[PDB]
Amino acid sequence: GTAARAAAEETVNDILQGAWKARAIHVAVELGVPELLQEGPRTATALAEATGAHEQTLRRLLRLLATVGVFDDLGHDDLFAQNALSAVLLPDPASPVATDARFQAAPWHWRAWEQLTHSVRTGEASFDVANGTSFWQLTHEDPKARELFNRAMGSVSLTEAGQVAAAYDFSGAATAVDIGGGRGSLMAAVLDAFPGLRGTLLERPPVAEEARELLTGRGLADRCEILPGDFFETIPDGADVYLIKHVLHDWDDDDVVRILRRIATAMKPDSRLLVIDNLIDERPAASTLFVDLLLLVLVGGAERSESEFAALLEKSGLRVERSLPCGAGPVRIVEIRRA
């Protein structure tokens, strides 16, 4: 009765305090604490001097983090040490969690969440009202913002890329086009896995240059054309396979139909389109739904079920051939042809 109510109150309070737990991690990565603990334990004093932090306050922060499992408090000599949890925060372009922590550390990321109520009232991004500009405009104009986002997306993509290349038989295709392909890890993985294939990566001009760097340094520049462009205006015509991964979930129904219709126009009767995205099924995991809420906040996007995609595909002159599993999580490969 009373004890049950008190337990519920404590459970909910832990949820509220969870916001501060996350922010403490953001500050630890922003300051570079985990990187400073790779060669044994260090004192709060020493960590404060190296990071430019206020000593007493960094000590409070580190005590708190250790209390919730991040870093170990050695309990003597003012020492703190790396542990299993703090270790996953080490900067690494291949780590989703490490890149995401640094992405989320940005004030404009946190501020979009400040205005979550706006998104819940509109179905639109809160990013604009919070930050005075859109997520796409910020990442277009601001190289630091672009870098934080592209790293966080890029780490996720590196993992998925190998999975896609292993889950779909591209052996029949001579040409592939990756629409909004980010830094190009998906195209790189598929090209590596299918030596006869050639590709084109289409991206926003600044991002396209980053993809050029990744693809060139991996020895793939002579097999992949880089196309700076806008997928609302341009889709290269007549390729065997088109790929679009974690793009459509950024866009509302109208904008998805715009994209799909332009893709449909570019497709040959024998062409295939692979929509590669998070699919909502009957019992989505909490994590899948958290990412759905992030899409809402940043760009007014949303995850969709296969039937929701199928409806939009129909309005675009396309139809689902089949859907294939792709590694762990909600990601699926939806193979699509012209109707």
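Throughout, we count residues from 1 along the sequence that is shown.
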With respect to the recorded C-alpha B factors, which stretch has the higher mean value, 256-264 or 242-250?
256-264
Higher average CA B factor in the deposited record is what I'm after, so tell me if that's 156-164 or 123-131.
156-164
What's the residue among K144, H118, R204, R111 with the greatest CA temperature factor in the PDB record?
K144
Ranking every modelled residue in this chain by its Cα temperature factor as given in the entry, which third contains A106?
lowest
Looking at the entry's B-factor column for C-alpha atoms only, identify whether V190 ranks in the lowest, middle or highest third of its chain.
middle
When the deposited Cα B-factors of this chain's modelled residues are ordered and cut into thirds, is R183 in the lowest, the middle or the highest one?
lowest
Taking only the Cα B-factors deposited for this chain, tell me whether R218 sits in the lowest, middle or highest third.
lowest
C-alpha B factor of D78, ranked within the chain: lowest, middle or highest third?
middle
